[PDB]
Amino acid sequence: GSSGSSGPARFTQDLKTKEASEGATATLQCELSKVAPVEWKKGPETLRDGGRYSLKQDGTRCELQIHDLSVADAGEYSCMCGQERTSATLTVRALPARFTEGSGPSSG
């Protein structure tokens with residue numbers, strides 16, 4: 002086919018996310034047509050590596066991380082790469098209101 006020809010990188014594998022609990026750390030994975038600089042986004046605003054966000058680029062793949070997860074973080078993370086773009090709704094489980102008491106083992 003056609004390979005030897007300059008051009009922008011386009012997503013190949015729809016970006017996906019995982020479901021973690023509050024305080025935990027999420028991990029999103031996404032593939033690309035080729036090694037190209039992308040930019041993660043959490044809405045009408047732009048994000049960046051450093052602070053409370055970790056974005057690693059493994060060749061044609063990008064692994065995003067969100068330390069200290071939260072119920073307010075659960076939204077829609079979009080990633081812009083060249084001309085194409087994708088998004089994935091992150092799942093954040095809210096902590097349990099109360100801590101189950103449990104039960105005691107019966108006796109003979």
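The sequence shown begins at 2 in the numbering used here and counts up one residue at a time.
For every residue, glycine included, the Cβ atom is placed at its ideal position computed from N, Cα and C.
Spatial neighbours of residue i in its chain, beta-carbon cut-off 6 Å, leaving aside the 5 residues before and after
i, result
"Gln-84", "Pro-9"
Alpha-carbon to alpha-carbon, residue j and residue i
i, j, result
"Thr-61", "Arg-86", "15 Å"
"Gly-5", "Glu-40", "25 Å"
Close Cβ partners of residue i (< 7 Å) along its chain, the five nearest in sequence each way excluded
i, result
"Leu-16", "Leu-29, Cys-31, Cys-80, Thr-87, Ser-88, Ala-89"
"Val-72", "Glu-23, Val-93, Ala-95"
"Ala-27", "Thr-18, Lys-19, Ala-21, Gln-66, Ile-67, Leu-70, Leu-91"
"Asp-50", "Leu-56"
Residue(s) in a DSSP beta bridge with residue i
i, result
"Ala-21", "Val-93"
"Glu-64", "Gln-30, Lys-57"
"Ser-88", "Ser-79"
Residue i classed as buried or exposed, judged by whether at least 16 other C-beta atoms fall within 10 angstroms
i, result
"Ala-98", "exposed"
Other residues of its chain near residue i: CB distance less than 8 Å, five sequence neighbours each side excluded
i, result
"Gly-76", "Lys-43, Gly-44, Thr-90, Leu-91"
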